[PDB]
Amino acid sequence: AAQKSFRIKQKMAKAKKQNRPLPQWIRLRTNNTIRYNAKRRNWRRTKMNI
Amino acid sequence: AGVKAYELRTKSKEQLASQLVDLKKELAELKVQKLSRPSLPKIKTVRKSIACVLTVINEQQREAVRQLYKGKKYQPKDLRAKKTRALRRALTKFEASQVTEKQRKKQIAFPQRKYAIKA
Amino acid sequence: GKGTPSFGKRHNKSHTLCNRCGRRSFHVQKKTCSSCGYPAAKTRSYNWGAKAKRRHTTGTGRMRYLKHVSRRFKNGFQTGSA
Amino acid sequence: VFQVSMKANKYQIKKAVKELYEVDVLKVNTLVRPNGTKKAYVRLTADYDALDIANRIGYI
RNA sequence: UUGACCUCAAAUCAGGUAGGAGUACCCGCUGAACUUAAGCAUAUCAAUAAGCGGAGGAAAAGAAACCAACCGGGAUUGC
RNA sequence: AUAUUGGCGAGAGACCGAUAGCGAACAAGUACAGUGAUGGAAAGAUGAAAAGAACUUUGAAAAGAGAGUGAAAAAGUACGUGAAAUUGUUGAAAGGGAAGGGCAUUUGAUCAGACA
RNA sequence: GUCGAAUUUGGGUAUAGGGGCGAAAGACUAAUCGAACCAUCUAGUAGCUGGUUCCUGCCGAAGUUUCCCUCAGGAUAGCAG
RNA sequence: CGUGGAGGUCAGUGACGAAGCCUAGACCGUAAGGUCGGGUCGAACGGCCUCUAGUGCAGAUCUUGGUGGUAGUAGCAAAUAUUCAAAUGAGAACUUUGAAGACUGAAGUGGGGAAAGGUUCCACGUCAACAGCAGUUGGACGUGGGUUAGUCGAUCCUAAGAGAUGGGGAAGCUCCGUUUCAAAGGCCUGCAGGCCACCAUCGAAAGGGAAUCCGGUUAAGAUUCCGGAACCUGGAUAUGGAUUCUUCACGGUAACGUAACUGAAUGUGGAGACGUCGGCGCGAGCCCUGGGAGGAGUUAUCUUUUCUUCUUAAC
RNA sequence: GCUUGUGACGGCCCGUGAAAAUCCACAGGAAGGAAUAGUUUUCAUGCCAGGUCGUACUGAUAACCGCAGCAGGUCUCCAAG
RNA sequence: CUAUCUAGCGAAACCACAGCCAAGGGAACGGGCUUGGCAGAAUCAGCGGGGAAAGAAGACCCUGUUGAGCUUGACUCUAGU
RNA sequence: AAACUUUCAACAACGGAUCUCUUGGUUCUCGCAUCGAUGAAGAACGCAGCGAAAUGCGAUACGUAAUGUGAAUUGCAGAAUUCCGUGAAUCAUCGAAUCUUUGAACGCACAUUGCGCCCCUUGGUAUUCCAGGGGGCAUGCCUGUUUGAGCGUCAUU
Ligand SMILES: [Zn+2]
């Protein structure tokens, strides 16, 4: 919020890295079951609660 | 492959420090190369080499300290056995076997005997 | 008056993050975590909250030290090496 | 421009730079990027060429 | 003046220890009501659940200020 | 000697078998909700093996049509089987403010059963 | 309607459930208030409402007595098997 | 009669096709149901004597899931309003550019921010999904980039107030109190000297608060970057200047004045530090406006005309 | 003239309209001080450093809460003719 | 501006099956039943009589050997004093 | 007669029932006793060549060392300095180390990546200032050590 805790910003980078799709080389792994990330987040729809 | 601790354990503190410095330098250069090129897994080996070097150095100091406190009353807390807390307290073999003198006399006079029932 | 327009007056977090429970449960004005109980030394637990007990109790995490204890006990708390 | 540990500070950074690269540092600016890293802008003195040292380092 | 004693203090003194976790079982403490009574207040649920303290690998109890009244038995615990 | 839904390591069952059985057979106390305490999911199956459809053609492309692999594509990542409600096409048939049904029979379509 | 005071308001702070606050309406207390929210006891109990899964055969009722803080229910006798 | 499962038995059936499903094809049974034929499908299953049970649904405003008529219906109607042409692209009511008209009309549909949000900001690519039409566009999707401080804030101070300590109550998690019935230390000169003391701590991105402005710059950043010019704090220090033989300055009647011009504990005082309303004066900015110097606009006619630049920070 | 700041005044009150950190001054007279020189760092000049975290963007008829790109609600500064 | 017609999009309540009436009888007001009147596809915009229309396990009433709030010289206790 | 409505079959659709399967659950019996200030459980953050998570680890970061096996891993590339070797593997085992910031949590605090003090050492002229590095600074209780107060109290100068 333009004057924000560093703890907060730490978590921001965390979420920024956690918001992405799968690398696709995993889908070719032997005996995989993971086609798409199930834990993604978009700011429009759902929130973090920080 | 890379380096081996059995080759390093014959070396000294100074040679090891130089080795470590060289490894960190090389690692820095490899990080530069990693963005020049798509992928660079030679960096893993030097990363693990650093770990092995630090392990050996730590071992040297630790064993030096151990032989320094060889057979002393108070050893350092990071050098005592860890066994578990309740044991690090609990009685010793000595203290457990401590016995009053009355009980000593009764034990010696009348210990349990070996006997058998046939005839 | 109390619903949809009133709920627009909500921008004052009554709770922050704990350093202990990591939850958005640290009350500010009260300075307590209604899940961890920090800054009390006792962990907050209640029998009637058994679901809650097992949401947090050992098993729920990494067990950085403990997981190796059965190995050590099985060995008999070894010393040295081969 | 450099990526730096979060526990760092300008003094340490300055020091380490002259150490590693044999340079006179004019000044330093820092920031914490949104990606959870420390970006470090570092001005040199006029006695040096940031460019020459960059391709000395092998990034260019 | 000097030297003791008693008491109480200090010290980042030397060395030690307690905290918290877990808590199926265990020793305690505190402690209800729905309920049942075809109502309900005693009573019951219950000396329970909830709440608090503290342990172990088992605990606790245990070598009789006992059971008895028989011709007497003989630590404790459990079936 | 006794207690033990906890912890660890074993071994078993006239148990449940993916709407069951622990809430969870899968990145489940996860996702998600709630200021908060707390609440709390759904979600299994190609094939022996991806051999996961080379190439051609139409199209902007998705895709289709081909071709082709494979035991099978009536196994083509919406994939084991693949039900019903429900819907499309085809075919047959009826129909004046319901439909459906019992007895009886015509008419129509279909069908078994007897001998050397 | 009021619009310069008993004004309006942000932010911080205090007050917590038989408790709080209340220029008093039983009003407000996170869309919840003649007793908040969450979990538990708890599957609380319920003479009351609803529901209660396959066939055939054989038999075949009662709504009346007596007592009950008993009258939408029970026990008992009777009918039935 | 039938379902799940168990013991036993048919030296039971079966990949040359098990169960499962469909079948206005057939057969048996009063019936519960059983059997057969065809199609599909692909790995286990049945008959009989017994045993065992979480054992047979149309209902419970039952539970979970799914699909329907309603129905291509209701309806997508506030916030004055759009239109032409090009480019793009497969494709343009809606993208871009351009041109017209129009609005908000500064109490703005502008510009900036606190709370909150968290990368949405920016670039490229990109339309399967969202944007209740559309979609070449996007706060979308995909990948990357981007947030620079001695001077801004936090950091410090304390307010309402919370909250340790000594202590006391409490079986107890804990409760009370924060000039507390406490043996509560640090100030200068290893030590001798010497003076003081209600001494936790937290509590304001609006209160108090040391100090920075300009011009430029990016796709996206700037009082943070660049160029230039300042300031403050802290610490080092050395040259100058000043003062002294009357050692610790002189002038002014005084108000006071100066480039400096000793001054410990200790004490006193001040600034921090402060309501609101009224009108009056002063200044800054803005508004209006005159001449002159540039540029643009109108110019059938008129208009010595309409508009616009003429600025100067902190220190 | 508008916005604004500001000064001195006046009215108002049973209301007289925070605190502390912090800086400075004064009273004081401890102490230490010149001549071959000695004293002074609130005058000037001169050298070095100045850490940590925040800094993008919106702030709303699309970035906040209202299950949503909801005609709602959300505190504030500038404000031309 | 709507409704209306069109391009595109695209729900919902409700739904035993359904949808022409009279009289009778009936749980004493039937869409169905009995006797009669009648009866021709598919329908469109409106329309607001009926569908004892939907909304909601009636808030009035009675019951329940179900409660709660409040009161009180009710029964029984109680912190306090 | 079409359409439309309705029924039946086929084929295709919606949907995921049924059947078969099952690295799961549940229940029972056995056996054992091992958390933690020598810093736990738990939390947050970050770590891979190419990862979002799960999993594992902690700046030595899907791990280091030692031991055993004895030549893999695997989605791609890279390796192979080997493959009769003190030597592959996400192997197993595990006794030696690392063990971010926290957490009972221990310098003080904690919506702060906030502000101090002691020792040693290093740079800047530096005992005094700044910075870096290294190590330390909780409370209560016990045992004792040293220093200490009290006309509490003894003996003598
Ligand atoms: Zn917390």
# chains A, B, ... in the order shown; residues from 1 in each chain; ligands from 1

$ residues_near_ligand --ligand "ligand 1" --cutoff "10 Å" --atoms "only C-alpha atoms (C1' of nucleotides) and all ligand atoms" --output "ChimeraX atom specification"
/C:15-27,31-39 /K:43

$ select_by_dssp --residues "chain A" --states "alpha helix (DSSP H)" --output "ChimeraX atom specification"
/A:6-18

$ residues_around --residues "residue 54 of chain J" --least-positions-apart "4" --cutoff "12 Å" --atoms "only C-alpha atoms (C1' of nucleotides)" --output "list in words"
residues 13, 14 and 15 of chain J

$ residues_around --residues "residue 58 of chain C" --least-positions-apart "2" --cutoff "12 Å" --atoms "only C-alpha atoms (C1' of nucleotides)" --output "list in words"
residues 53, 54, 55, 56, 60, 61, 62, 63, 64, 65, 66 and 67 of chain C; 21 and 22 of chain E; 6 and 7 of chain F; 35, 40, 41 and 42 of chain K

$ write_last_selection --atoms "C-alpha atoms (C1' of nucleotides)" --output "PDB file, in the first residue's frame"
ATOM      1  CA  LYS C  53      -5.801 -29.926  17.528  1.00  0.00           C
ATOM      2  CA  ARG C  54      -5.035 -32.097  14.570  1.00  0.00           C
ATOM      3  CA  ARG C  55      -4.884 -29.168  12.187  1.00  0.00           C
ATOM      4  CA  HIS C  56      -1.651 -28.185  13.965  1.00  0.00           C
ATOM      5  CA  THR C  60       1.414 -31.555  10.417  1.00  0.00           C
ATOM      6  CA  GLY C  61       4.860 -30.251   9.512  1.00  0.00           C
ATOM      7  CA  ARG C  62       8.479 -31.125   8.874  1.00  0.00           C
ATOM      8  CA  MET C  63       9.656 -32.656  12.157  1.00  0.00           C
ATOM      9  CA  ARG C  64      13.173 -31.427  11.577  1.00  0.00           C
ATOM     10  CA  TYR C  65      14.758 -33.262  14.499  1.00  0.00           C
ATOM     11  CA  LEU C  66      12.229 -35.788  15.670  1.00  0.00           C
ATOM     12  CA  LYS C  67      11.908 -37.832  12.497  1.00  0.00           C
TER      13      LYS C  67
ATOM     14  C1'   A E  21       5.177 -30.148  23.188  1.00  0.00           C
ATOM     15  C1'   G E  22       2.446 -34.415  23.329  1.00  0.00           C
TER      16        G E  22
ATOM     17  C1'   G F   6      -1.332 -41.643  21.238  1.00  0.00           C
ATOM     18  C1'   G F   7       4.038 -42.554  19.105  1.00  0.00           C
TER      19        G F   7
ATOM     20  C1'   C K  35      10.498 -34.954  22.417  1.00  0.00           C
ATOM     21  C1'   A K  40      11.643 -29.341  20.387  1.00  0.00           C
ATOM     22  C1'   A K  41       6.985 -29.363  18.150  1.00  0.00           C
ATOM     23  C1'   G K  42       5.142 -25.665  14.919  1.00  0.00           C
TER      24        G K  42
END

$ closest_atom_pairs --of "chain A" --to "chain F" --cutoff "12 Å" --atoms "only C-alpha atoms (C1' of nucleotides)" --output "tab-separated table"
residue	atom	partner	partner_atom	distance
A:27	CA	F:77	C1'	11.2
A:28	CA	F:50	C1'	11.1
A:30	CA	F:50	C1'	12.0
A:32	CA	F:26	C1'	10.9
A:33	CA	F:26	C1'	8.1
A:34	CA	F:27	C1'	8.3
A:35	CA	F:77	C1'	10.0
A:36	CA	F:27	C1'	10.7
A:37	CA	F:27	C1'	8.9
A:38	CA	F:31	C1'	7.7
A:39	CA	F:31	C1'	6.9
A:40	CA	F:31	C1'	9.7
A:41	CA	F:31	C1'	10.7
A:45	CA	F:32	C1'	11.7
A:46	CA	F:32	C1'	9.1
A:47	CA	F:32	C1'	10.5
A:48	CA	F:32	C1'	11.3
A:49	CA	F:35	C1'	10.5

$ write_last_selection --atoms "N, CA and C atoms" --output "compact mmCIF listing (two decimals), in the first residue's frame"
# COMPACT_ATOMS: atom_id res chain seq x y z
N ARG A 27 4.87 -32.72 -17.40
CA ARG A 27 3.79 -33.51 -17.96
C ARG A 27 4.29 -34.71 -18.74
N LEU A 28 5.55 -34.70 -19.14
CA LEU A 28 6.17 -35.80 -19.83
C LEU A 28 6.89 -36.75 -18.89
N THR A 30 7.65 -39.66 -16.32
CA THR A 30 7.12 -40.99 -16.17
C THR A 30 6.13 -41.04 -15.02
N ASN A 32 3.11 -39.41 -14.48
CA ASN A 32 2.63 -38.13 -13.99
C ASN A 32 1.12 -38.12 -13.94
N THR A 33 0.57 -37.24 -13.10
CA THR A 33 -0.85 -37.00 -13.01
C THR A 33 -1.20 -35.52 -12.93
N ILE A 34 -0.25 -34.65 -13.25
CA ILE A 34 -0.38 -33.23 -12.97
C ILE A 34 -0.43 -32.49 -14.30
N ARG A 35 -1.63 -32.10 -14.71
CA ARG A 35 -1.84 -31.44 -15.98
C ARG A 35 -1.86 -29.93 -15.85
N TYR A 36 -2.28 -29.43 -14.70
CA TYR A 36 -2.44 -28.00 -14.48
C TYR A 36 -2.35 -27.72 -13.00
N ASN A 37 -1.84 -26.53 -12.68
CA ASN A 37 -1.77 -26.08 -11.30
C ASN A 37 -3.17 -25.95 -10.76
N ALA A 38 -3.38 -26.46 -9.56
CA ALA A 38 -4.66 -26.38 -8.88
C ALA A 38 -4.71 -25.29 -7.83
N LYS A 39 -3.59 -24.63 -7.57
CA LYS A 39 -3.47 -23.67 -6.49
C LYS A 39 -3.22 -22.26 -6.98
N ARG A 40 -3.50 -21.98 -8.24
CA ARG A 40 -3.20 -20.66 -8.74
C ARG A 40 -4.16 -19.64 -8.15
N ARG A 41 -3.77 -18.38 -8.29
CA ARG A 41 -4.44 -17.27 -7.66
C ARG A 41 -4.46 -16.11 -8.63
N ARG A 45 -10.29 -12.39 -8.73
CA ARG A 45 -11.30 -13.31 -8.26
C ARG A 45 -11.20 -13.52 -6.76
N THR A 46 -10.07 -14.04 -6.33
CA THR A 46 -9.86 -14.43 -4.95
C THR A 46 -8.65 -13.74 -4.38
N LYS A 47 -8.64 -13.60 -3.07
CA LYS A 47 -7.63 -12.85 -2.35
C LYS A 47 -6.69 -13.75 -1.57
N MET A 48 -5.68 -13.11 -1.01
CA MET A 48 -4.70 -13.78 -0.20
C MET A 48 -5.08 -13.76 1.26
N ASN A 49 -5.84 -12.75 1.67
CA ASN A 49 -5.83 -12.31 3.05
C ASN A 49 -4.38 -12.14 3.47

$ residues_around --residues "segment 159-164 of chain H" --least-positions-apart "5" --cutoff "8 Å" --atoms "only C-alpha atoms (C1' of nucleotides)" --output "list in words"
residues 13 and 14 of chain G; 200, 201, 202 and 203 of chain H; 18 and 19 of chain I

$ write_last_selection --atoms "C-alpha atoms (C1' of nucleotides)" --output "PDB file, in the first residue's frame"
ATOM      1  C1'   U G  13      -7.725   3.899  22.351  1.00  0.00           C
ATOM      2  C1'   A G  14     -11.459   1.470  26.377  1.00  0.00           C
TER       3        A G  14
ATOM      4  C1'   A H 200      11.063  -0.861  32.358  1.00  0.00           C
ATOM      5  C1'   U H 201       8.974  -1.229  27.719  1.00  0.00           C
ATOM      6  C1'   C H 202       5.267  -0.513  23.619  1.00  0.00           C
ATOM      7  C1'   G H 203       1.836   2.932  22.033  1.00  0.00           C
TER       8        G H 203
ATOM      9  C1'   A I  18      -2.525  17.795  25.433  1.00  0.00           C
ATOM     10  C1'   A I  19       2.159  15.770  26.942  1.00  0.00           C
TER      11        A I  19
END

$ atom_distance --atom1 "atom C1' of residue 61 of chain J" --atom2 "atom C1' of residue 50 of chain G"
24.2 Å

$ interface_residues --of "chain A" --to "chain K" --cutoff "8 Å" --atoms "only C-alpha atoms (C1' of nucleotides)" --output "list in words"
residues 5, 6, 7, 10, 17, 18, 19, 20, 21, 22, 23, 25, 26, 27, 28, 29, 30, 37 and 39 of chain A

$ write_last_selection --atoms "C-alpha atoms" --output "PDB file, in the first residue's frame"
ATOM      1  CA  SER A   5       5.896  -3.911   5.935  1.00  0.00           C
ATOM      2  CA  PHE A   6       8.841  -5.860   4.657  1.00  0.00           C
ATOM      3  CA  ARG A   7       7.192  -8.986   6.018  1.00  0.00           C
ATOM      4  CA  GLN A  10       8.311 -10.867   1.448  1.00  0.00           C
ATOM      5  CA  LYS A  17       6.392 -16.719  -7.704  1.00  0.00           C
ATOM      6  CA  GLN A  18       3.568 -19.031  -6.672  1.00  0.00           C
ATOM      7  CA  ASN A  19       1.264 -17.575  -9.336  1.00  0.00           C
ATOM      8  CA  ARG A  20       2.233 -19.342 -12.518  1.00  0.00           C
ATOM      9  CA  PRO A  21       1.397 -22.384 -14.631  1.00  0.00           C
ATOM     10  CA  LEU A  22       3.184 -25.680 -14.696  1.00  0.00           C
ATOM     11  CA  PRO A  23       6.470 -26.207 -16.446  1.00  0.00           C
ATOM     12  CA  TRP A  25       8.469 -30.897 -18.962  1.00  0.00           C
ATOM     13  CA  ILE A  26       6.740 -32.337 -15.911  1.00  0.00           C
ATOM     14  CA  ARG A  27       3.790 -33.509 -17.963  1.00  0.00           C
ATOM     15  CA  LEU A  28       6.173 -35.805 -19.832  1.00  0.00           C
ATOM     16  CA  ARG A  29       7.577 -37.316 -16.667  1.00  0.00           C
ATOM     17  CA  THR A  30       7.123 -40.992 -16.168  1.00  0.00           C
ATOM     18  CA  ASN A  37      -1.767 -26.084 -11.302  1.00  0.00           C
ATOM     19  CA  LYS A  39      -3.468 -23.673  -6.488  1.00  0.00           C
TER      20      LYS A  39
END

$ atom_distance --atom1 "atom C1' of residue 37 of chain E" --atom2 "atom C1' of residue 70 of chain G"
18.2 Å

$ atom_distance --atom1 "atom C1' of residue 78 of chain K" --atom2 "atom CA of residue 26 of chain B"
18.2 Å

$ interface_residues --of "chain H" --to "chain A" --cutoff "12 Å" --atoms "only C-alpha atoms (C1' of nucleotides)" --output "number ranges by chain"
H: 113-120, 130, 139-143, 147, 152-154, 205

$ residues_around --residues "segment 4-14 of chain E" --least-positions-apart "3" --cutoff "8 Å" --atoms "only C-alpha atoms (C1' of nucleotides)" --output "VMD selection string"
(chain H and resid 183) or (chain K and resid 136 to 137 145 to 146 148 to 149 152 to 155)

$ select_by_dssp --residues "chain D" --states "strand (DSSP E or B)" --output "PyMOL selection string"
chain D and resi 2-4+25-32+38-44

$ residues_around --residues "residue 74 of chain I" --least-positions-apart "3" --cutoff "10 Å" --atoms "only C-alpha atoms (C1' of nucleotides)" --output "PDB file with N, CA, C and O atoms (P, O5', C5', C4', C3', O3' and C1' of nucleotides), in the first residue's frame"
ATOM      1  N   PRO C   5     -24.267  -1.243   1.949  1.00  0.00           N
ATOM      2  CA  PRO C   5     -23.529   0.010   2.042  1.00  0.00           C
ATOM      3  C   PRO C   5     -22.639   0.079   3.249  1.00  0.00           C
ATOM      4  O   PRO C   5     -21.583   0.716   3.205  1.00  0.00           O
ATOM      5  N   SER C   6     -23.028  -0.571   4.330  1.00  0.00           N
ATOM      6  CA  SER C   6     -22.228  -0.574   5.533  1.00  0.00           C
ATOM      7  C   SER C   6     -20.944  -1.340   5.341  1.00  0.00           C
ATOM      8  O   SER C   6     -19.872  -0.839   5.683  1.00  0.00           O
ATOM      9  N   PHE C   7     -21.022  -2.514   4.733  1.00  0.00           N
ATOM     10  CA  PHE C   7     -19.858  -3.328   4.469  1.00  0.00           C
ATOM     11  C   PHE C   7     -18.812  -2.638   3.602  1.00  0.00           C
ATOM     12  O   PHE C   7     -17.700  -3.151   3.487  1.00  0.00           O
ATOM     13  N   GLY C   8     -19.125  -1.498   3.004  1.00  0.00           N
ATOM     14  CA  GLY C   8     -18.129  -0.709   2.331  1.00  0.00           C
ATOM     15  C   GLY C   8     -17.235   0.062   3.255  1.00  0.00           C
ATOM     16  O   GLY C   8     -16.219   0.594   2.800  1.00  0.00           O
ATOM     17  N   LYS C   9     -17.576   0.122   4.536  1.00  0.00           N
ATOM     18  CA  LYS C   9     -16.762   0.785   5.534  1.00  0.00           C
ATOM     19  C   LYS C   9     -15.750  -0.138   6.171  1.00  0.00           C
ATOM     20  O   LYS C   9     -15.365   0.081   7.320  1.00  0.00           O
ATOM     21  N   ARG C  10     -15.310  -1.159   5.454  1.00  0.00           N
ATOM     22  CA  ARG C  10     -14.447  -2.184   6.007  1.00  0.00           C
ATOM     23  C   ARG C  10     -13.081  -2.079   5.372  1.00  0.00           C
ATOM     24  O   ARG C  10     -12.848  -2.542   4.260  1.00  0.00           O
ATOM     25  N   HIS C  11     -12.167  -1.440   6.089  1.00  0.00           N
ATOM     26  CA  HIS C  11     -10.778  -1.375   5.690  1.00  0.00           C
ATOM     27  C   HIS C  11      -9.810  -1.349   6.866  1.00  0.00           C
ATOM     28  O   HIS C  11      -8.666  -0.921   6.696  1.00  0.00           O
TER      29      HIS C  11
ATOM     30  P     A H 115      -1.462   3.902   3.601  1.00  0.00           P
ATOM     31  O5'   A H 115      -2.969   3.560   3.947  1.00  0.00           O
ATOM     32  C5'   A H 115      -3.394   3.561   5.293  1.00  0.00           C
ATOM     33  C4'   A H 115      -4.777   2.996   5.448  1.00  0.00           C
ATOM     34  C3'   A H 115      -4.957   1.565   5.005  1.00  0.00           C
ATOM     35  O3'   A H 115      -4.509   0.631   5.965  1.00  0.00           O
ATOM     36  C1'   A H 115      -6.748   2.884   4.227  1.00  0.00           C
TER      37        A H 115
ATOM     38  P     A I  60     -11.436   8.114  -5.920  1.00  0.00           P
ATOM     39  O5'   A I  60     -12.254   7.000  -6.689  1.00  0.00           O
ATOM     40  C5'   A I  60     -12.844   7.281  -7.938  1.00  0.00           C
ATOM     41  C4'   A I  60     -13.067   6.011  -8.698  1.00  0.00           C
ATOM     42  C3'   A I  60     -14.474   5.444  -8.612  1.00  0.00           C
ATOM     43  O3'   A I  60     -15.293   5.938  -9.661  1.00  0.00           O
ATOM     44  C1'   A I  60     -12.923   3.811  -7.935  1.00  0.00           C
ATOM     45  P     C I  64     -10.465  -4.459  -6.353  1.00  0.00           P
ATOM     46  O5'   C I  64     -10.405  -3.555  -5.053  1.00  0.00           O
ATOM     47  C5'   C I  64      -9.311  -3.658  -4.165  1.00  0.00           C
ATOM     48  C4'   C I  64      -9.640  -3.096  -2.821  1.00  0.00           C
ATOM     49  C3'   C I  64     -10.874  -3.686  -2.188  1.00  0.00           C
ATOM     50  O3'   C I  64     -10.602  -4.893  -1.508  1.00  0.00           O
ATOM     51  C1'   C I  64     -10.996  -1.339  -2.107  1.00  0.00           C
ATOM     52  P     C I  65     -11.525  -6.180  -1.747  1.00  0.00           P
ATOM     53  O5'   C I  65     -12.818  -5.851  -0.904  1.00  0.00           O
ATOM     54  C5'   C I  65     -12.673  -5.506   0.458  1.00  0.00           C
ATOM     55  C4'   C I  65     -13.985  -5.423   1.186  1.00  0.00           C
ATOM     56  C3'   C I  65     -15.123  -6.259   0.621  1.00  0.00           C
ATOM     57  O3'   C I  65     -15.119  -7.589   1.098  1.00  0.00           O
ATOM     58  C1'   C I  65     -15.845  -4.040   0.894  1.00  0.00           C
TER      59        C I  65
END

$ closest_residue --among "F:23, F:80, F:68, F:29" --to "chain C" --atoms "only C-alpha atoms (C1' of nucleotides)"
F:29

$ closest_atom_pairs --of "chain B" --to "chain E" --cutoff "12 Å" --atoms "only C-alpha atoms (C1' of nucleotides)" --output "Markdown table"
| residue | atom | partner | partner_atom | distance |
| --- | --- | --- | --- | --- |
| B:73 | CA | E:15 | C1' | 10.8 |
| B:74 | CA | E:15 | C1' | 8.8 |
| B:75 | CA | E:15 | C1' | 11.7 |
| B:85 | CA | E:17 | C1' | 11.8 |
| B:88 | CA | E:17 | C1' | 11.9 |
| B:89 | CA | E:17 | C1' | 9.4 |
